[PDB]
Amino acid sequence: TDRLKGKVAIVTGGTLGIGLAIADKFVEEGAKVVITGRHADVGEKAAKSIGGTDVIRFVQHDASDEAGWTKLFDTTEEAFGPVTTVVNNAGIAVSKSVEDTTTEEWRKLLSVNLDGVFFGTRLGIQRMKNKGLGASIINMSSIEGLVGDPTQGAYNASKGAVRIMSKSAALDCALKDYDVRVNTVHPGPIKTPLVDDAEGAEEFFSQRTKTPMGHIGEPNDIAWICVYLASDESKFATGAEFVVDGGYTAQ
């Protein structure tokens, strides 16, 4: 009945919001999980809120830190065995149009939202290919990887990059019989610290012209689609886009 029995997952940015719920439901379904974040304070309380060191641990790591990724995999391996699942969830937002984006804002967002996903995906492939683990890489895009937003230009670029880079990775792993799948998840608006800290964002995005359901989602909405994609239930799904958005992109 444990849908993730034997799986061991790295969830970047798993200390708040969507990443927190992903790790929560991963542990509930039998996986061992390492959550990462930049603030060690909020991190280990997040992990303790889910369970003990036998099922979940916290490793301080900036997803843009290339070298840290090797240590992150090493640490997770020593803790729970070989890594089977990578959720590249860490990401940041910038409320600027393309016109108004400074080059510093552009580079900073892309180093987390794109370079970090690249680092996790590249290393994930190298470290789990050809081990018969039913391995799965889950890259967090967004509906902003599918449609534009006039005030999120850099974010749009990063999530569109993640969308298609993930298909390249999925195809290579499939053609080479690596036993690694790569898919992208595309949440619509979700009630998280990111949305909560943007004044009026939930009210704006609950407009029926934005989200037809008339409300935004909860972090568990994204957690459950990630459980499906991490499990061997989805052993035929690779290179695909999984959209959980209240109908946002359907109009």
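Just count from 1 along the sequence shown to find any residue number.
Checked against the record, the higher mean CA B factor of 108 to 116 and 79 to 87 lies with 79 to 87. Stretches compared: 218 to 226, 46 to 54. Higher mean C-alpha B-factor in the entry: 46 to 54. Residues shown: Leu72, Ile92, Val162, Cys173. Highest C-alpha temperature factor in the entry: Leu72. Placement of the Cα temperature factor of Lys129 within the chain: middle third of the modelled residues, per the deposited record. When the modelled residues of the chain are ordered by their C-alpha B factor, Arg208 lands in the middle third.
Ranked by C-alpha B-factor against the other modelled residues of its chain, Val195 falls in the highest third. Residue-level temperature factors show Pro187 in the lowest third of its chain, judged at the C-alpha atom. Ranked by Cα temperature factor within the chain, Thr12 sits in the middle third according to the deposited record.
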